[PDB]
Amino acid sequence: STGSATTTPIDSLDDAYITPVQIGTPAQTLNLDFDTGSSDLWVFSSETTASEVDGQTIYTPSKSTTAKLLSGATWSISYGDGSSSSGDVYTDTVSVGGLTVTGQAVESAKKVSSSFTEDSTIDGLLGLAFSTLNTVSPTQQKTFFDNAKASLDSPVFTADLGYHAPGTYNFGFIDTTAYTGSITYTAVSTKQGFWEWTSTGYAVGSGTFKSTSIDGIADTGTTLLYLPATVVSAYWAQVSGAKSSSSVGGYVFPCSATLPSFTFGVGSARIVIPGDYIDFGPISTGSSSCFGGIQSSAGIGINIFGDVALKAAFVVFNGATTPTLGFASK
Ligand SMILES: COc1ccc(CN)cc1O
């Protein structure tokens, strides 16, 4: 089997991407944030505290003839930005782009943090990291991908995120028309439950490539590119007037600037992030100070190749017995 679904930016800055997902019978379609940095499929629901729902579409398990309470199961998750959610668990039928999993754990939110409430466009998350990170207790549950894997034509999914445009998540096949050149594959460590890999270095603009190992995670659920302070300082030093602002919470730059590209290595291959991809717009409405898309990972404890990086590539998440990651230009 295979599946193919379009993923769409939630706003003009590509702050996140949503993908329609069918849950239950008859189908209830919710727009979920596919997140290769976490492993819970959770949704706003009829159980979510009313004051914490503001415009989201909810899953109502009582209206699904295939929903079953997973007795005694609860979940609770915190994300790297300090946001959180928790609740109980149903199993139900879940389909993405024509690919169907029966008995998928659908984690129903009873509580969500304010950041989730405030994002009316995101109805929940669909985790695509390794199932060892799944938070359901006392019986850990599998991701949608893990459940689907044995049925797929090939045990892979691909992320093809657009810049200010829709893109695609495919399951079970590699669309050879979706990228240019070849796909370069690189080793993955699953020891922390992430799609963790080591970039071979970087360049700023038309500058020389610096060969240096940068361990980080491929994370579709994180907006920006978080890299070591040395690398980030070298990038922003090429932008007149750019500075790290403790009050704003990262590097900012004059909105009048033309940003240089940023290149990262994948083995002997190179992925080029155009300068425009690194512009996240005014820090507040009407400001001439703009927020940067490349930020320091110093306070995070891990480097994160988020959407800023991934959207510059066609990315293969290879879930073979020994997982790997592939990157192509596009
Ligand atoms: C508040 O919204 C989010 C917070 C965290 C993640 C996961 N990195 C995804 C989101 O949509």
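The numbers used for chain A are those of Swiss-Prot, and the residues that appear cover 90-419, in sequence.
Recorded method for this deposit: X-ray crystallography, 1.3 Å.
The backbone N, Cα and C atoms fix where each Cβ goes, and this holds for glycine too.
Straight from Swiss-Prot, the features:
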- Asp124: active site (ACT_SITE)
- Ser288: active site (ACT_SITE)
- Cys344-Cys379: disulfide bond (DISULFID)
- 106-417: domain 'Peptidase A1' (DOMAIN)
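It is 20 Å from the Cα atom of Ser288 (active site) to that of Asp124 (active site). Taken in sequence order, the recorded positions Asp124, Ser288, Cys344 that lie near ligand 1, meaning a CB under 6 Å from one of its atoms, are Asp124. Around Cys379 (disulfide bond), the same-chain residues six or more apart in sequence whose CB sits under 8 Å from its CB are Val341, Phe342, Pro343, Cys344, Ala346, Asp368, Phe369, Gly370, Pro371, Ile372, listed in sequence order. Counting every protein chain shown, 15 other Cβ atoms lie within 10 Å of the Cβ of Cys344 (disulfide bond). Under DSSP, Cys344 (disulfide bond) is assigned to coil, being neither helix nor strand in the three-state scheme.
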